[PDB]
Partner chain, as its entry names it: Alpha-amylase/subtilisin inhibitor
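Read the single chain below, which is given as structure tokens and is the form deposited without the partner chain.
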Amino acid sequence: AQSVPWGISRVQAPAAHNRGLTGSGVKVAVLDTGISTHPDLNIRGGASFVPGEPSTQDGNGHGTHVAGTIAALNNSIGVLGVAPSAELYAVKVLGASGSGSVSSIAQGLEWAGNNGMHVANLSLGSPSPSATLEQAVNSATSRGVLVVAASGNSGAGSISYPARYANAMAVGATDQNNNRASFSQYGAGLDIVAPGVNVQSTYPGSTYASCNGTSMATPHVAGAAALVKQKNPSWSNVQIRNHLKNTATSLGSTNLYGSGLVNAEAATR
């Protein structure tokens, strides 16, 4: 039996699916700890930039979980992603510990731009800026990648890098009441929010687990971007980003929520 995690319903992905929009034909890179083989995922390819971890399999769990929020398969098992037909790529930039370097993340972004990705999900960040990272965000953006990044989990009224950069779409986390999760960073540069509390997704060992974080919010938006791209194949990264913001549901101040809650139904109407 398949179940639909509450956040998938909250962002109204099923309404898009009913219109025939699944993310088919859209390439989404998950720049994370890898993605493990799983019966509810279809991993099309990828690359590793973590020395000593040449495989793109996930030794942590984080990247597998993120991937399932984007693209868990629509079938009779497991869960269901926002964009269940997205072409999913495992871009390992963080090791099994859950950390990497700005160099590995940059290499993943360059890979995305050189390999035709439409969306890059970066459920990662730091409080400090990085020239290396910024350059790679900008390069990927120039190559047509929509970079979607987590605002961070410190609870502060400023957001992490690379989410803070103008060419990243920064995503904060909401709870089931449509309030900002306590940990969700906010402030200047925040673009949008999505569900990030008690988010069930795919997990290594062919299982499912629930997690909290802006890392869980981010893939809802990456998936919504893929739905928008399938509907509007001619659109650029900027056009998709703007449309997601313009069609989001206001939840309160732009400072706490950016444009508000992503709405895949409104974005694909």
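Residue numbers count along the first chain shown, from 1.
Look at the C-alpha B-factors of 216-224 and of 235-243. On average they run higher in 235-243.
For the two regions 127-135 and 195-203, the entry's Cα B-factors average higher over 127-135.
In the PDB entry, the Cα temperature factor peaks, among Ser97, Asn121, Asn179, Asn74, at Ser97. Of the candidates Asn115, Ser151, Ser85, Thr174, the PDB record gives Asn115 the highest C-alpha temperature factor. Per the deposited record, the Cα B-factor of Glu53 falls in the highest third when ranked against the other modelled residues of its chain.
In the PDB entry, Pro162 places in the middle third of its chain by CA B-factor. Among all modelled residues in its chain, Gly155 ranks in the highest third by Cα B-factor. Ranked within its chain, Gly45 lands in the highest third, by CA B factor from the PDB record. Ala13: CA B factor lies in the middle third for its chain, per the PDB record.
Absent from the display: the form solved in complex with the partner chain. The rest refers to it.
The candidate site formed by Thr33, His62 and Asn153 is fully in contact with the partner chain in the deposited complex, as each residue has a non-hydrogen atom within 4.5 angstroms of it. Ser97 is the sole member of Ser182, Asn75, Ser97, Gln176 with a non-hydrogen atom within 4.5 Å of the partner chain in the deposited complex.
Though the partner chain is absent from this view, in the deposited complex it lies within 4.5 Å of a heavy atom of just one residue from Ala168, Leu190, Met117, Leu133, which is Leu133. When the partner chain is considered in the deposited complex, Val199 lies well away from it, no heavy atom lying within 4.5 Å. Contact annotation: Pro84 falls outside 4.5 Å of the partner chain in the deposited complex, judged by heavy atom distances.
The closest non-hydrogen atom of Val102 lies within 4.5 Å of the partner chain in the deposited complex.
For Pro127, a non-hydrogen atom is located within 4.5 Å of the partner chain in the deposited complex, even though that partner is not displayed.
Across the options 227-235, 22-30, 40-48, 214-222, residues that bring heavy atoms within 4.5 Å of the partner chain in the deposited complex belong to 214-222.
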